[PDB]
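Please read the structure below before turning to the comments.
Cβ atoms come from the backbone with ideal geometry, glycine included; neighbour counts cover every protein chain shown. What follows is calculated from the coordinates using simple rules that are stated; it is not laboratory data.
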Ligand code: NI
Ligand code: NI
Ligand code: NI
């Protein structure tokens, strides 16, 4: 019919930074924006590409906040538009951490993802 063989993924980076200076947490989090974009481009999107129906993700954006907390909670999100439903949420989450089922040391503990739309057209 009009079937949805794909779902939409939102990947997130979550980092806590020291803020003993008691500065604006948007400026503290800003310090690793470039680092997060480079991570997304050179590791995260490459890891997940083999699961995409038609390649494409949004620009990484930081969640804005209003606090100068002693520890700054920082969050970035990017959307991957079209991933085959063949690949479940856990399977995709795992792919962030390990690139072999017999890998001893996980990577990217600061990265997680969700299905942000459970029904999208694969376009393929
Ligand atoms: Ni159809
Ligand atoms: Ni539809
Ligand atoms: Ni100061």
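Tell me whether the stretch 80-90 contains one or more residues that are under 17 Å from residue 110 (Cβ atoms) and within 14 Å of the chain's Cα centre (by Cα).
no
Sort through 65, 18, 103 and tell me the only one that's in contact with a helix residue (DSSP H, G or I) (Cβ under 6 Å, 6 or more places away or on another chain), free of Cβ contacts under 8 Å to residues at least 60 places away in the same chain and farther than 20 Å from residue 124 by Cβ.
65
So residue 43 ticks every box in (1) surrounded by fewer than 16 Cβ atoms within 10 Å (Cβ to Cβ); (2) free of Cβ contacts under 8 Å to residues at least 60 places away in the same chain; (3) away from ligand 2 (no atom under 16 Å from the Cβ) but one. Which box is left unticked?
(2)
I'd like to verify a number: residues in the stretch 24-52 that are out of contact with any strand residue (DSSP E or B) (no Cβ under 7 Å at 6 or more places or on another chain) and closer than 19 Å to residue 66 by Cβ, how many?
5
When the stretch 23-69 is examined, which residues are found to be assigned to a helix (DSSP H, G or I) and more than 26 Å from residue 6 (Cβ to Cβ)?
Answer for the stretch 23-69, where residues must be assigned to a helix (DSSP H, G or I) and more than 26 Å from residue 6 (Cβ to Cβ): 25, 26, 27, 28, 29, 30, 33, 34, 35, 38.
Return the residues of the stretch 70-96 that are part of a helix (DSSP H, G or I), out of contact with any strand residue (DSSP E or B) (no Cβ under 8 Å at 6 or more places or on another chain) and surrounded by 15 or more Cβ atoms within 10 Å (Cβ to Cβ); say none if nothing qualifies. Give the derivation first.
Start the filter on the stretch 70-96 by keeping residues that are part of a helix (DSSP H, G or I), which leaves 89-96.
Narrowing further to those that are out of contact with any strand residue (DSSP E or B) (no Cβ under 8 Å at 6 or more places or on another chain): 90-91, 94-95.
Result: 95, single match.
Taking into account only those residues within the stretch 1-22 that are more than 16 Å from ligand 2 (Cβ to nearest atom) and outside any strand (DSSP E or B), which is surrounded by the fewest Cβ atoms within 10 Å (Cβ to Cβ)?
The selected residue is 20.
Can you find, within the stretch 100-124, the residue that is farthest from ligand 2 (Cβ to nearest atom) among those that are surrounded by 15 or more Cβ atoms within 10 Å (Cβ to Cβ) and in a loop (DSSP other than H, G, I, E, B)?
Here the answer is 110.
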